[PDB]
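**Q** Provided hereafter are the protein sequence and its experimental coordinates.
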Amino acid sequence: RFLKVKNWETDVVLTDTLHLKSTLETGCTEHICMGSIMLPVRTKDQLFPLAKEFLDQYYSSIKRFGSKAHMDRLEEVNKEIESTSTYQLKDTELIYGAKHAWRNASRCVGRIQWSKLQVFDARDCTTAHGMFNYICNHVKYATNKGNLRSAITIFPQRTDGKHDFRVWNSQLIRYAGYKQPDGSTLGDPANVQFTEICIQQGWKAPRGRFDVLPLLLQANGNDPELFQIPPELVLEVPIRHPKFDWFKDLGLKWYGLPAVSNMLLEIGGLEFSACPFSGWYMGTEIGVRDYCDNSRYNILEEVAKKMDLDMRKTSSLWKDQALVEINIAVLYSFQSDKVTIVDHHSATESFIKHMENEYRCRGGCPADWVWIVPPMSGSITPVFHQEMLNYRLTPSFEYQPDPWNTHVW
Amino acid sequence: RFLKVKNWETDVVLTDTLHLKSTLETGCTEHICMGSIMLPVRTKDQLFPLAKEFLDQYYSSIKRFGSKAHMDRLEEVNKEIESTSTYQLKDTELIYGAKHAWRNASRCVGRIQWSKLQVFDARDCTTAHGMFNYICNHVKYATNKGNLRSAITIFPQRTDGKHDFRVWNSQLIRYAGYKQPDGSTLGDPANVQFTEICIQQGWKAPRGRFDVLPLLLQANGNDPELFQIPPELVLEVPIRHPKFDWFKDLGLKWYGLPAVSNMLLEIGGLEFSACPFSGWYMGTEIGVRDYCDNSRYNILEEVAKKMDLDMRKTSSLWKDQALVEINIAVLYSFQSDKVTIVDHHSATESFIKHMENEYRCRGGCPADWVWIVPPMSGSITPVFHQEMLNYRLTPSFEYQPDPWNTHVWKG
Ligand code: HEM
Ligand code: HEM
Ligand SMILES: CNCC#Cc1cc(F)cc(CCc2cc(C)cc(N)n2)c1
Ligand SMILES: CNCC#Cc1cc(F)cc(CCc2cc(C)cc(N)n2)c1
Ligand SMILES: C[C@H](O)[C@H](O)[C@H]1CNc2nc(N)[nH]c(=O)c2N1
Ligand SMILES: C[C@H](O)[C@H](O)[C@H]1CNc2nc(N)[nH]c(=O)c2N1
Ligand SMILES: [Zn+2]
């Protein structure tokens, strides 16, 4: 019950005790492992133990467990729940909860940065225009002229489920997708449904292959509203190769800021349904997944052709060769334009160091191998040879239904 | 109960019912997933239900469930267990068993081939010399001059655990590794400890970078004995690159036959502790893992040097670049010498078709994503996008401890 993890490249063995503090379910049982499954209104009852657990770890973290300030705060929240059917976090607790939600994100390879997160308190927001303002300020702060900085903006918490704040976009910045009469796909096929709901809601699209989508913002349970992000706030990078001068004519570009906006943040039982956060890209997210997934921009074939590779037989590894060159260019382009990016070798080495830090100072680090190992060159990165234990700690980020499936219109 | 898996590239959804016939445990709980963890003496008591379940499975597959043949066999096995505390499998049951152990191996991406396994019955073997002979015949058969054929050889089952048959080699064909006084390694670093044992047992080592190890064979719980596989039986492939002529000068080669010899075969509660099996290679096993793991031959740097890549910054992806060229060379060399090999694109595509077939005809296909996805170019293969369920079915292949850690020496 005190578990060991081994690195098979280095024989380093770590002992995990942090998992004993876990609480939520994994999806797995002793008869079946669901490790590769993508996705496996609270009453007054459920709330106070949740608050208590959180406050206990918060006051522990500032070395005031069993202090009178601790007992008093527990007292105050207890009477506030008994009274108001909910409670409000102090600023200090909010910042702690958000930083620890990132710390606990088992699928995130970038967590060595977890304690340097800028938290923007937007709990005073009441309207979609106000949400837009907070989001523009977030985007500008985080982008920082290419020197990216981690940030999260937190909108008001769920009350009765009918007054929910939601960002309808999956990320703050993404490209539109249109299914053409031809039958093909112009732009990002992953965003076809959402692009429809923008047009079917009022948007007028340029119908190009890299059009930045508008924000669709929902405040207090109302109908969502369209806003265009000021183009000067959206930092983009043209993609060039340091060797193939024909690479330009492909016409590729990508945005600098990865900013997830559809997740749910849980802290001490409270639910924050609108909590966009951003960091900086790992190169493979763009070059491997965005550009070379068959259900995305799927450019492999075209690039292979311009390299004049033998595409007759799969065993010539022409896909593999092109894949590497595409990813060299993404990194090269960002680097040249001085926009923060990390390669998968550096990021995974960072994560190993973070793991050893967490095992030493916290007794563990929940981690999902299936998501942590990069989508190219897996076994030449150190995380491939690293055993990992996956379990759920709170505060946490969780998935939630798409709004258009839920919103009573 | 029912369970659904989804392919996120194609949106194909499958329904698993086979998991209901799962018995052994996974290591996971509702509170922790052990999915990336590498690793997890039997009485009359537990044995007859294990036998009964196996015989029910067998007679079902041959459309004879509940027949008098079925009932007589159950009664016969029952009496034999109560009388002798164990029992013997018929040839037909053994063949069925070995095939289904492969069919059930959730870490194996090559299972589309499972029904075409050649099973060699070596249960009459009594000495290490006899084991050597059976193993030579297996290697000749399986190699087939480069037209590889899947096979398995099955030695006598465990009795009291004091009389085990064991092949001490992890694979039948492997290169020696030697630790030098300056701390460097000559040959395959993975095999240093085993090489040391062989030498201690009296092997005269050539001490080169690709020396084929001797077989170390244990019969009936006796001390293991050393044997050299006849060189004319060990097919090897010199590694060259189709565009880079300097690649041959690196002096690389590899053997053609992947043959695992340290696993345990469990069938109807019986335990076969020596059961070498062989197939053919997927290119990445050699090109990515054997050559490029830091803890193996580790040739990324010399290859990258000769390609004159920018090796200063890792963001040049000089490692990824060299890795691809090496895997091109491995496939090119095998194909050119007409030795059976499959690339990771072909193999994963075949596995997806296998898996879908198994869902329709069998109700499921247990699979371990962590092992099925290839160690390079993961997401451009179709298995990356495929949800999989992992559970344990019997008959099965299992890990067992290394024999040098458990053996009682006679002297
Ligand atoms: C600063 C640099 C960061 C890097 C390089 C990074 C990297 C990544 C990557 C590569 C993934 C895999 C996701 C995918 O493949 O789609 C991921 C997942 C995730 N990241 Fe990070 N991240 C960073 C910052 C952050 C921040 C600031 C937060 C929150 C405050 C965060 C929270 C998460 C969460 C919750 C997931 C998994 C969500 C899911 O299950 O889909 N990350 N990250
Ligand atoms: C015919 C071609 C075959 C191919 C291409 C193939 C491929 C593979 C690969 C790539 C692995 C992962 C191994 C590693 O990364 O070290 C594996 C594992 C495995 N294979 Fe297959 N295999 C084949 C035939 C067979 C046969 C004939 C058997 C048994 C009768 C078998 C049983 C297994 C088992 C039990 C594992 C589990 C490995 C472990 O847990 O250590 N395979 N196979
Ligand atoms: C069906 N599942 C869809 C999804 C998803 C997703 C969720 C996440 F939380 C982060 C990312 C990757 C985006 C990202 C975000 C940040 C903050 C940094 C980074 N490098 N990448 C993807
Ligand atoms: C501690 N672990 C020891 C081990 C092991 C092992 C077991 C296996 F079942 C297969 C392979 C991979 C070798 C292999 C075997 C076969 C039959 C085919 C193939 N392509 N590769 C390794
Ligand atoms: C089915 C499988 O779980 C799915 O394809 C996962 C695999 N690993 C992943 N890993 C990351 N980082 N991101 C992903 O989207 C996925 N997809
Ligand atoms: C820690 C992790 O389980 C380990 O490195 C695994 C990952 N996946 C693998 N997959 C295959 N096919 N072979 C392996 O040896 C491994 N090693
Ligand atoms: Zn699991």
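**A** Ah, there it is. Numbers count the residues shown, from 1 in each chain, chains lettered A, B, ... in the order given. Ligands and ions are numbered 1, 2, ... in the order given.
**Q** helix, strand or coil for the residue in the stretch 51-200 of chain A that ligand 4 sits nearest to?
**A** Per CB to the nearest ligand atom, residue A:106 is where the stretch 51-200 of chain A lies closest to ligand 4, at 26.0 Å. For every residue, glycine as well, the C-beta is placed using N, CA and C. Of the three states, residue A:106 takes coil under DSSP: H, G, I helix; E, B strand; the rest coil.
**Q** ok, it to chain B distance?
**A** Noted for residue A:106: a distance of 9 Å to chain B, by CB to the nearest CB, to the nearest Å.
**Q** you'd agree that residue is up against residue A:370?
**A** No - using CB atoms under 8 Å, residue A:106 is not in contact with residue A:370, being 10.1 Å away.
**Q** the residue nearest the centre of chain A pairs with what?
**A** Most central in chain A under CA atoms, centre = their mean is residue A:260, positioned 4.8 Å from the mean C-alpha point. Beta-bridge partners for residue A:260, by DSSP bridges, are residue A:171, residue A:277.
**Q** same question, residue A:216
**A** residue A:226.
**Q** got a list of what it touches?
**A** A:167-169, A:194, A:197-198, A:201, A:224-226 (CB atoms under 8 Å, 6 or more residues apart in numbering or on different chains).
**Q** how about residue A:124, what does it touch?
**A** residue A:156.
**Q** for it, phi and psi?
**A** The phi and psi values for residue A:124, taken as degrees, to the nearest 10, are phi -90, psi 0.
**Q** repeat that for residue A:253.
**A** phi -150, psi 160.
**Q** could you do residue A:398 as well?
**A** phi -130, psi 160.
**Q** I'd say it and residue A:266 touch.
**A** Yes - using CB under 8 Å, residue A:398 is in contact with residue A:266, at 6.1 Å.
**Q** residue A:56 touches residue A:65, doesn't it?
**A** Yes - using CB under 8 Å, residue A:56 is in contact with residue A:65, at 6.9 Å.
**Q** what's the local residue count around the residue of the stretch 51-200 of chain A closest to ligand 4?
**A** Using other CB atoms under 10 Å in any protein chain shown, residue A:106 has 21 other residues around it.
**Q** from ligand 2, how far out is it?
**A** According to CB to the nearest ligand atom, to the nearest Å, residue A:106 stands 24 Å off from ligand 2.
**Q** now swap in residue A:96 and tell me
**A** Taken as CB to the nearest ligand atom, the span from residue A:96 to ligand 2 is 43 Å.
**Q** now do that residue against residue A:154, distance only.
**A** 12 Å (CB to CB, to the nearest Å).
**Q** check residue A:399 too.
**A** 18 Å.
**Q** neighbour count for the two, which is higher?
**A** residue A:154 (25 against 10).
**Q** surely that one touches residue A:120?
**A** Yes - at 6.9 Å, residue A:154 counts as touching residue A:120 under the criterion of CB under 8 Å.
**Q** who are the contact partners of residue A:379?
**A** Per CB under 8 Å, 6+ apart, neighbours of residue A:379: A:385, B:288-289, B:292-293, B:375-376.
**Q** and it, that's in a helix?
**A** Yes - Residue A:379 forms part of a helix when assessed by three-state DSSP.
**Q** run through who's touching stretch A:72-92.
**A** Contacts for stretch A:72-92 (CB under 8 Å, 6+ apart): A:44, A:47-48, A:51-52, A:55, A:59, A:97, A:121, A:157, A:159, A:267-268, A:270.
**Q** what sits against the spatially closest residue to residue A:170 that is not a sequence neighbour?
**A** Excluding the flanking residues, the one nearest residue A:170 by CB to CB, 6 or more residues apart in numbering or on different chains is residue A:262, at 4.9 Å. Residue A:262 sits next to A:167-171, A:399-400, A:402 when contact means CB under 8 Å, 6+ apart.
**Q** can I have the buried ones of the residues you listed as a ChimeraX selection?
**A** Buried subset of the contacts of residue A:262, written as a ChimeraX selection, criterion 16 or more other CB atoms under 10 Å in any protein chain shown:
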select /A:167,168,169,170,171
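**Q** let me have the contacts of residue A:262 in TSV, extended by secondary structure.
**A** Formatted as TSV, those follow (three-state DSSP):
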residue	secondary structure
A:167	strand
A:168	coil
A:169	coil
A:170	coil
A:171	strand
A:399	coil
A:400	coil
A:402	coil
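**Q** of the contacts of residue A:262, closest to ligand 2?
**A** The closest of the contacts of residue A:262, once distances to ligand 2 are taken by CB to the nearest ligand atom, is residue A:399, at 31.6 Å.
**Q** distance of the closest one from ligand 5?
**A** Taken as CB to the nearest ligand atom, the span from residue A:399 to ligand 5 is 12 Å.
**Q** next SSE downstream of the helix or strand harbouring residue A:138?
**A** For residue A:138, the host element (DSSP states H and E) is helix A:128-143. Next in sequence after helix A:128-143, counting helices and strands by DSSP H and E, comes strand A:151-154.
**Q** tally of neighbours for the residue lying closest to residue A:225 once chain neighbours are set aside?
**A** In space, and not counting its chain neighbours, residue A:225 is closest to residue A:128: 4.3 Å by CB to CB, 6+ apart. The tally of other residues near residue A:128 (other CB under 10 Å) stands at 21.
**Q** I'd say residue A:128 and residue A:274 touch.
**A** No - if you go by CB under 8 Å, residue A:128 and residue A:274 don't touch, sitting 10.8 Å apart.
**Q** ok, the residue in the stretch 301-409 of chain A that ligand 5 sits nearest to - contacts?
**A** Going by CB to the nearest ligand atom, ligand 5 is nearest to residue A:371 of the stretch 301-409 of chain A, at 4.0 Å. Counting by CB under 8 Å, 6+ apart, residue A:371 touches A:106-107, A:109.
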